[PDB]
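Asks: Have a look at this one.
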Amino acid sequence: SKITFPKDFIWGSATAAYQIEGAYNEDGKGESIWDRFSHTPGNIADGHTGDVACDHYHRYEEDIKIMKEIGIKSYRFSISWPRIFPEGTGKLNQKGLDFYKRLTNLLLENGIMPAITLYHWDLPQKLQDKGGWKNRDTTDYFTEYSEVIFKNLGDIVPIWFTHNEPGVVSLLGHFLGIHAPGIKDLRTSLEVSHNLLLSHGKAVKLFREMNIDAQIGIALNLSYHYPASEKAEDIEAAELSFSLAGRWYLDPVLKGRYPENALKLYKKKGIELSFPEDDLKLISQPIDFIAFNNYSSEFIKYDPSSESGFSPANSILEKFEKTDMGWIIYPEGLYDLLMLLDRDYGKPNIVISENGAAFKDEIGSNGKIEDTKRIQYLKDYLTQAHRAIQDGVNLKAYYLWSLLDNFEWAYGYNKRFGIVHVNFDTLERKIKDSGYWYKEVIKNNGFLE
Amino acid sequence: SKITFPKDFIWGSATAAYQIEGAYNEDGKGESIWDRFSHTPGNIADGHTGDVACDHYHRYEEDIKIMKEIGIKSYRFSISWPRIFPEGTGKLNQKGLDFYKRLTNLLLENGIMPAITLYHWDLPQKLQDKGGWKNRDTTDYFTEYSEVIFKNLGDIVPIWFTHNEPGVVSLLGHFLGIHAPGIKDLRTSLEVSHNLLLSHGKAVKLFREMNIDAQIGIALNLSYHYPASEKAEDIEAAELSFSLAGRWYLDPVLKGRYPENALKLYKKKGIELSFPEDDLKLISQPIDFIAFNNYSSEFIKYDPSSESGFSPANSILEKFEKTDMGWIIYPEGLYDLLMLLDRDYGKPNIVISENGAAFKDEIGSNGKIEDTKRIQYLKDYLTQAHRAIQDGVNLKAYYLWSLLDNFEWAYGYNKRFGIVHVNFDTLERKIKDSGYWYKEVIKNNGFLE
Amino acid sequence: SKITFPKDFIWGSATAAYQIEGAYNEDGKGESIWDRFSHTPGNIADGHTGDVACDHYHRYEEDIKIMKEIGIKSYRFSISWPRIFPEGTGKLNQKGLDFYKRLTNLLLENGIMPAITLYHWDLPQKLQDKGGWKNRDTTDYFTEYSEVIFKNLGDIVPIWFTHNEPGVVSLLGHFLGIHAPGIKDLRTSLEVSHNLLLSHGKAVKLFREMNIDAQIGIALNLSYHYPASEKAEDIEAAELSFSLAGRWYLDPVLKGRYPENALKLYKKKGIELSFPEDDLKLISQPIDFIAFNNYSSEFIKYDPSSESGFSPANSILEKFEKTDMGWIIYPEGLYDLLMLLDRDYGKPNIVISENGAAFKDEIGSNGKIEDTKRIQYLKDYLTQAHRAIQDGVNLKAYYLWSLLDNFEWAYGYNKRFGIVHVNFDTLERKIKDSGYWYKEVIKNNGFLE
C-alpha cells in the first residue's frame, strides 16, 4: 500500500535559536536565561552549554545549501529576542534584525518558505532580573519585540508561531526548575502559564491591528493520554492528566476557558487566584491554525499515591520499544490525538511544528550514519499522519524535528534528533540516511509503507 | 499459459575474449596474466590452456553466420587489452584494433547489435610486473585503453560494460589465488577491489567527457543469499555474505558507499582502509543500467567455526537438482534477486549480462546433443525473468552464457555452458538443441510458461 | 505531381581547369601548386596526376558538341592563372588568353551561356615560392590577372565567380596539408582565409571600377550542420561547426564581419589576428548573388574531448545511404540550407555552382552506364531545390557537378561525379544515363519526382 499526501501539503524541518545558533555574546546579543542557566554547574549534562552549538549564526549559507539539497518546502526556525532587544525593551540592535532579515531573504531566494517562532525559550536575562514571565510587564515587552519583527518580516513570512511549548517552560522552568530559569514554586508556575498565553493573545491582537498578510498560531507540547484500563477511575485519571498537561493550553486558546477538572485539583491543594475574564477573551482570539509537537504517548492509571491522584503505568509502558530519550514508540498515538484535536475544538486547521526521534547515532567505517531506527520511527508515525488526513483531518503541514543535531537543553548534546549529523568539535555536517529518505519522501510526496 | 516478453526486449548471447579467441601470441598481442597462469602446472584442470580455445580469432565469420542462423539480436563479447596495448600503455597495436573494428562492423552489417566488455580478466602481464591492479597507476592505464576503444567504435556500439565480475577477480585471483594472477593475500584482495571500481568510475567519467551516444554499465557477479532458518543469527549471516560478495560492488557504484556490516567484519580481523572520499563520488558516477551474471542461489547459516562468521547450509542444498558445477538449480532465486535490485538502488534499468548452465553434453548416434536439462534449466529461469517484468521490474536485456563451448578458467574445457557445441580437437560447431530452442524463443519472443 | 522550375531558370553543368584540361606544360603554361603537389609520392591516390586528365585543352570541340547534345543553357568552367601568367605576374602568355577567348566564343556561338571561375585552386607555383596566399602581395597579382580576363572576356560572359571553395584551400591545403600546396600550420591557414576573401573583394572592386555589364559572385563550400539532439550543448556545438566552416566566409562577404563564436574558439588556443578594419569593408563589397557547392550534410554532437568542442555524430550518420565518397545522402538538407541563406543574409539571389554525386560506374555489356543511383540522388535533391523556390527562395541557377568524369584531387580518378563517362586511357566520352535524364529535365524544365 503506497501513501500519497495532499498535493498542497507542505513538508518542513524545524530548529530553535539557542539550540543551533551559538554566538552567545556576539554582535550585541544580550544574555538569555539559557546562557545564564547553562553556565552554572548541576543544570546541563556533562557541563555542556549552547555558547557554540551548531554555530548556525555563521554557517547558515552551508545549512541552507543542505536544506535545498534535501529540498524542504518550509524551514521552521526561532528568532532570538536578545539579539533584537539585548535589554528585552528599549534600544533596538539593528545587527540582530539584519541577521534574520538576511537569513529569511536567503530562504525566499532558494526554494524555501520561512516559518518563524517568536519565543523558543530565550527570554532576555534582564527581564528575568525584574521577575521574568511572573512579572506581567514581560507580556507587553513580548508584544513590542513582536511588533518590530512584523514591521520588517510581516507579510513575506507566511506561517508564524507565537510560542514553543509553554507547557514545558512553566512546568520544567518554573516548578521542577530543571530548565531555565531554574525556579521551583508551584504558584509561580501557574502565574507564568497564564502570562505566556496572555502574551500570545497580545501578539495575535497586534498581528491583526497591523493586518499582516500571513497565518499565526501557537506550537503546543501535546501527547495522547490513554487510560491504563477501560475503568471509571483510570478513564478519569487520564482526563485529569491531559487537562493538567496539554488541555491547560488548548482550552484557553480555542475555547477561552481553563479546564475545570484541573482547576478543581488546584483549590484542593489550597490555591485559586482570579484570572481576569477579559484576559481569556484576549487569549481565545481566533487563530489561523493550531500547531503542536508530538513524539510519544502517555499511559495513566489511578493512584491515591502521588499528590496529583494519578501516575504513569510503568509496565504497560515496558511493552514498547523506547527511543534514546526513554519515551515509548507508538505511532497510532498520533492518529488518535489528531482525531481528538479534530473532534474537540471544531475541525481546525492543524500543523505539526515538530515530530522526530533521538537514537544513538554513529559514523560507521563507511563514513555514513545508517539510522534505520529513526527512518523506521519516522515512516511509522507518517503512516498515521496520512491515515488521519484520509479520515477527514485538516493537517496542512509536517515539520521534522530536527534539521540539525542540536543542544537538547538539560540533556546537553548527548541526544540527537537531527537528520544531518553535526560533529560538535569540528562543526562538520553529514546528512543522515533519514535525511536522504526525507528528500525522496518530499519528492514522491509520500512512500510505500 | 504462454509468456511473451516486452516488444523492445533485446535477446542476446555472451562470450569472453580469452575463453574463445585463442591466437594467444599472434599479430603482436602481448601476454596476459591468464596466458601466464595457464602455462604453469597445477592451475588449470588437465593442464588445459586458452592458447587455441574455440579459435574465434580466425573463425569469427563462421560464428556470426551461426549467431544470425539462431538470430540473436545482441552479441556480448570482450576486447583483449593486450591486443590493443601489448605493454598495457604506450605503443598502439593497430592489428588488434582492426580485428575488433572489423568484427563489430560484420555484426552491425548482419543486423546483430554489439555489446562490448572492456575488461574480462586479461590484464596485460607487463602491468602485473609493476603490481597489476594493486598499483593504482593501472586504473589510469585502463582509462587510456578505454579512450582508444571509444574514439574508434564508440558511437556504433550501443551497450558497454566496463568490468566483468570484479568480485571474482579480487576474491579468486588475489586472495584464494586459484584464478590469475594467482596471488594469496587478503589486504591486496581489497586494495584491488577498490582499484577495479575506481577504474570503472574513470571509464564512465571519460565516456561522458567524450559524450559517446551509447549506454555504459558494469557486469557484477550476483546471487540471492537466503538464510538457512528465519532466525536472527542466520538472517544476519546471509546479509553479511551478500555484502562481502555482491553488495561490496553494488553499493559503491549505486549508493557511493561500502557496506558497513562487511567493513566491520574486516576491522574485526585488524584490517581498516581509508578509501579517499573523492574516489567514492567517482565510482558512484551515474550509469545507464546495472548488469549482473547469475546462475544459482546461496543458502547461508550462522557459523562461529568459519572465521567468516557463516558457511553454506549443505543440509538444505542437498535437496535440489545440481548442475555439472555442483551449483543448485533454483529458478525463483532469480526473481527475488531482480526484486532486490529493483527494491534497493531505486528501480534502475537492469540487464542480464550472463545466465546459463553447464551439464554433461554428448553427441549421440544421431550426431546431435539433445541437452533437455539445459533447455529445462533455461525455460525455468526465464519464466521467473518474465514474472519480474510483469511485477514491475525494468529488465531490458537477457544475454545467454555462453554462445559457444569455451575455456571455463581453472576448470579447463571440462564444463560446457555453450548452446553451440565445440570439438576442441577439430574446432567444428554443432548448434545444441538449447540453441535451436533459443532461436524459436527469440522468434516467438517467448514460449509456454 | 509533376514539378516545373521558373521559366527563366538557368540549367548548367560545371568543371574546373586542372581537373579536365591536361596539357600541364604546353603553350607556355607555368607550373601550378597542383602540378607540383601531384608529382610528389604520397599525395594523390595510386600516384595519379592531372598532367593529362580528360585532355579538354585539345578535345573541347568534342565536349561542346556533347554539352549542346544534352543542351545545357550554361557551362561553368575555370581559367588557369598559370596559362595567363606563367610567373603569376609580368609577361602575358597570349597563347593561354587565345585558348579561353576561343573556347568562350565557341560556347556563345553554340547558344550556351559561359560561367567563368577566376580561381579554382591552380595558384602559379612561382607565387608559392614568395609565400603564396600567405604573402598579401598575391591578392594584388590576383587582381592583375582578373583585370586582363575582364578587358577581354568582361561583357560577353554573364556570370563570374571570383573563387571556388576558399574554405577547402585554407583548411585542406594550408592546415591539414592533404591538398596543394601541402602546408600544415593553423595560424597560416587563417592568414590565407583572410587574404583569399581580400582578393575576392579587390576583384569585385576592380569589376565595378571597370563597369563590366555582367554579374559577379563567389562559390563557397556549404553544408547544413544539424545538432545530434535538440539540446543546448548540441545546438551550440553545430553553430560553432558551421561558423568555423562556411559562415567564416559567408559573414565577411555578406555581413562584413567574422563569426564571433568561431573567433572566440581561436583566441582560446592563443591565436588573435588584427584584420585591418578597411579590408573587411572591401571584402563586404556588394555582390549580385551568392553561389555555393553542396553534396551532403553534417550531424554534429557536443564533444569536450575534441579540442574543437564538437565531433561528428557517427551514431546518426550510420542510418543513411552513403555515396561512393562515404558522404550521407540527405536531400532535405539542401532545402534547409537554401532557407538558412535566405533568412540570415537578406533574401539574396542564390546560384548553385555545384551539386551532384559520385557512385561506382560500370560500362555494361550494352556499352552503356546505367547509374540509376546518381539519377535517384539528382532527382531527390532537385525536388528539394524546387520545394525551396515554391517556399519563396531566389534560387536562379543549378550547375551539375560534373559534366565530365575528372581528377578528384587527392582521391585521383578513383571517383566519378560526371554525367559523361571518360575512359582515362583512351579519353572516349560515353554520355551516362544521368546525362540523358538531365537532357530531358532541361527540355521538360522539370520531372514527375
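Asks: State, to one decimal in nm, how far the label point of C:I156 lies from the label point of A:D185, with both points 7 Å from Cα in the Cβ direction.
Replies: Computed distance between label sites C:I156 and A:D185 equals 12.7 nm.
Asks: What does the C-alpha gyration tensor say about the overall shape of chain A? Classify as rounded when a/c is under 1.5, otherwise prolate if a/b is larger than b/c, or oblate.
Replies: Taking the square roots of the gyration eigenvalues as a ≥ b ≥ c, chain A is rounded.
Asks: Select the chain B residue whose beta carbon lies nearest to the rotation axis carrying chain B onto chain A, and write the distance in whole Å.
Replies: B:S1, 28
Asks: For the protein assembly as shown, report the translational diffusion coefficient in µm²/s to the nearest whole number, using Stokes-Einstein at 10 °C, 1.306 mPa s, and a Kirkwood Rh over Cα pairs.
Replies: After rounding, the answer is 41 µm²/s.
Asks: Additional query: How much length would be gained if the chain were fully extended between A:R257 and A:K130, taking 0.36 nm per residue of separation minus their Cα-Cα distance, in nm to one decimal?
Replies: Details: separation 127, 0.36 × 127 = 45.72 nm, distance 2.87 nm.
Computed gain between A:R257 and A:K130 is 42.9 nm.
Asks: Can you work out the PRE-style zone for B:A410? Point 7 Å along Cα to Cβ, and I want the residues of segment B:151-184 with backbone N under 18 Å.
Replies: Those under the cut-off are B:165-184.
Asks: How high is the FRET efficiency between A:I271 and A:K205 when r is their beta carbon distance and R₀ equals 41 Å, given to the nearest 0.05?
Replies: E between A:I271 and A:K205, to the nearest 0.05, is 0.90.
Asks: Moving to a separate point now. From the C-alpha coordinates alone, can you work out the Kirkwood hydrodynamic radius of segment A:390-449, in Å?
Replies: Its Kirkwood hydrodynamic radius stands at 13.5 Å.
Asks: How would you classify segment C:283-342 from its alpha-carbon gyration tensor, with a ≥ b ≥ c the square roots of the eigenvalues: rounded for a/c under 1.5, else prolate if a/b is greater than b/c, otherwise oblate?
Replies: Note, shape of segment C:283-342 comes out oblate.
Asks: Still on this structure, please answer the following. What is the spin-label model distance, in nm, from C:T40 to A:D278 if the labels are put 7 Å beyond Cα along the C-beta direction?
Replies: 10.8
Asks: May I ask which of B:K2/B:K360; B:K126/B:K184; B:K205/B:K264; A:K269/A:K347; A:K91/A:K205 have a Cα-Cα span longer than 26 Å here?
Replies: From the list (B:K2/B:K360; B:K126/B:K184; B:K205/B:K264; A:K269/A:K347; A:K91/A:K205), the Cα-Cα distance tops 26 Å for B:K2/B:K360; B:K205/B:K264; A:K269/A:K347.
Asks: Follow-up question, since we're still on this one. For segment A:47-164, what value does the Rg/Rh ratio take when both radii are computed over Cα atoms and Rh is the Kirkwood radius, given to two decimals?
Replies: So for segment A:47-164, dividing Rg by the Kirkwood Rh gives 0.98.
Asks: Another question, if that's okay. Calculate, for B:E362 and B:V168, the FRET efficiency according to 1/(1 + (r/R0)^6) with r their C-beta to C-beta distance and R0 41 Å; round to the nearest 0.05.
Replies: For B:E362 and B:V168, the calculated efficiency is 0.90.
Asks: Need one value for B:150-157: mean number of C-beta atoms belonging to other chains within 10 Å of its residues' C-beta atoms.
Replies: That average works out to 3.
Asks: I've got another one for you. Compute the label zone of A:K264 within segment A:330-357: residues whose backbone N is under 19 Å from the point 7 Å along Cα-to-Cβ.
Replies: none
Asks: So for segment A:375-441, if I pair up every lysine 8 or more residues apart or on another chain, how many of those pairs have alpha-carbons under 16 Å apart?
Replies: 4
Asks: Please order A:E165, A:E449 by the number of other Cβ within 10 Å, starting at the fewest.
Replies: Final ranking by Cβ density, sparse to dense: A:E449, A:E165.
Asks: Students often get this wrong: which residues of segment C:164-179 have the backbone nitrogen under 13 Å from the point 7 angstrom along Cα-to-C-beta of C:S308?
Replies: Taking a point 7 Å out along Cα→Cβ of C:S308, the residues of segment C:164-179 whose backbone N falls under 13 Å are C:171-172, C:176.
Asks: Using a 10 Å cut-off around each Cβ of peptide A:361-367, what is the average number of partner chain Cβ atoms that fall inside?
Replies: For this peptide, the per-residue mean of nearby foreign Cβ atoms is 6.
Asks: Here's something else I'd like to know. Can you tell me the dipole magnitude for segment B:136-177 around its Cα centre, using point charges on the Cβ only (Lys, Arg +1; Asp, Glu -1), in Debye to the nearest 20? Display every interim value, and only then the final one.
Replies: Numbers: 2 positive and 6 negative charges, 20 e Å.
Here the size comes out at about 100 debye.
Asks: What ranking do A:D8, A:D288 get, fewest neighbouring Cβ atoms within 10 angstrom at the top?
Replies: Ranking A:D8, A:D288 by Cβ neighbours within 10 Å, fewest first, gives A:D8, A:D288.
Asks: 7 Å along Cα→Cβ for the label point: how many nanometres lie between B:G131 and each equivalent label in the other copies, listed shortest first?
Replies: Here B:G131 shows inter-copy label distances of 5.5, 7.6 nm.
Asks: Quickly rank C:88-95, C:434-441, C:401-408, C:129-136 as a protection proxy: mean count of other C-beta atoms within 10 Å, highest first.
Replies: Final packing ranking: C:401-408, C:434-441, C:129-136, C:88-95.
Asks: Take peptide B:208-215, look around each residue's Cβ out to 10 angstrom, count Cβ atoms belonging to other protein chains, and average those counts.
Replies: 5
Asks: With 26 Å as the cut-off, how large is the P(r) tail for segment B:1-116, expressed as percent of Cα-Cα pairs?
Replies: Roughly 30 percent, once rounded to a whole number.
Asks: Once Rh is set to the Kirkwood radius over Cα pairs, what Stokes-Einstein translational diffusion coefficient, in µm²/s, holds for segment A:143-276 at a temperature of 20 °C and a viscosity of 1.002 mPa s?
Replies: My calculation gives 130 µm²/s for D.
Asks: At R0 = 22 Å, how high is the FRET efficiency between B:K68 and B:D380 if r is their beta carbon distance? Nearest 0.05 is fine.
Replies: So, using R0 = 22 Å, E works out to roughly 0.20.
Asks: Further question on the same structure: Using θ = phi - 60° and the Karplus form 6.51 cos²θ - 1.76 cosθ + 1.60, what ³J(HN,Hα) does each residue of segment C:13-24 get, whole Hz, x for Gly and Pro?
Replies: Result, rounded to whole Hz: 9, 10, 9, 10, 5, 4, 6, 10, 5, x, 6, 6.
Asks: Out of every Cα pair in segment B:214-287, what percent are spaced more than 20 Å from each other?
Replies: Counting pairs separated by more than 20 Å, the tail of P(r) holds 40 percent.
Asks: Here is a follow-up. Of the beta bridges DSSP finds with both residues in chain C, what % are antiparallel, to the nearest 5?
Replies: 25
Asks: Here is a further query. Can you give me the relative contact order of segment A:314-449 as a percent, contacts being Cα pairs under 8 Å and 6 or more apart?
Replies: Computed over segment A:314-449, the figure is 25 percent.
Asks: Right, next: For A:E233, go 7 angstrom from Cα along the Cα-to-Cβ vector, then report the distances to that same point in the other copies in nm, smallest first.
Replies: The projected label point of A:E233 is separated from its counterparts by 4.7, 7.6 nm.
Asks: Need the list of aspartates and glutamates near C:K29 for cross-linking: C-alpha distance under 15 angstrom, and skip anything on the same chain fewer than eight residues off.
Replies: C:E21, C:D51, C:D55, C:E87, C:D98, C:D122
With ideal geometry, Cβ positions are generated from the backbone for all residues, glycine too; neighbour counts draw on all protein chains shown. The numbers here are math on the coordinates, done by the rules we state, and not lab data.
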